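The chain below stands alone, shown as structure tokens; this is the form deposited in one PDB entry.
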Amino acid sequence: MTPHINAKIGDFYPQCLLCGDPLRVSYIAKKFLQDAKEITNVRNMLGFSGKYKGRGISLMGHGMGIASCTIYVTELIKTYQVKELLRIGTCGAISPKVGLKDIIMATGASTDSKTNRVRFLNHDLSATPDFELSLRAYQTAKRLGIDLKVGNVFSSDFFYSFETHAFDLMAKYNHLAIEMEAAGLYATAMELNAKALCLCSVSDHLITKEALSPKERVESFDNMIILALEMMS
């Protein structure tokens, strides 16, 4: 066991879906998995293992922000032997190319965090997902007829940004939305030689000023959840 996960070694399948919200994770387990079992619950951060269309898959909450996400992903890889990590989170749209509830695949995660400079020689680590997972997401979305939006996200240490004046510049450089964990997921999976990808659905729109309720952030994104389950089967 680890300080933040109280499952047994082997309780996790090698493929794991992730959300920051452990209640979205619980929602997915109850609605979409067969024979789902809760396998961890330290700090109320739930994780589960179950089956989708006969294939074992795990689910795990990763909390909010790069530091939190790095903790759980690090332990999932090094202790629990997880090989493929698919984040399915929420994000704030800053580009006019996307609308509320669109699903974005993050081809790269820019950041205002210092974590990657600390990791990577004080240089610019371009944090990126595994290409095969990215390809699988693209192909599965096409097979399902889901309009997958593809581009960079900006992973911030701030939900309440001090730099909103810079969002248009971010969008000009192909950042479709802002969230807070992808760059940490990506850099941890690069560190540890694991396969990771980040999808996020648009829960807030900074141009149109739209925002979903907390309940809607759990329940409104079945399309992104089903996309994730299909690509992992």
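Shifts are known only where both forms have a C-alpha. The term rigid core refers to the maximal set of C-alpha atoms that superpose within 1.5 Å between the two forms. Note that residue numbering follows the sequence shown and begins at 1.
The protein also exists as the form deposited in another entry; that form is not presented, and the subsequent description refers to it.
- Core-superposed comparison between this form and the one not shown: the Cα of residue 211 travels 2 Å or more.
- Remark: with the core as the superposition reference, the CA shift of residue 220 between this form and the one not shown reaches 2 Å or more.
- The pair residue 145 and residue 212 is tighter in that other deposited form: their Cα-Cα distance falls by no less than 3 Å compared with this form.
- A decrease of at least 3 Å in the separation of the C-alpha atoms of residue 220 and residue 141 is found in that other deposited form, compared with the displayed form.
- Mapped along the sequence, displacements between this form and the one not shown of 2 angstroms or more at every C-alpha, sustained over at least 3 residues after core alignment, occur solely at 210 to 220.
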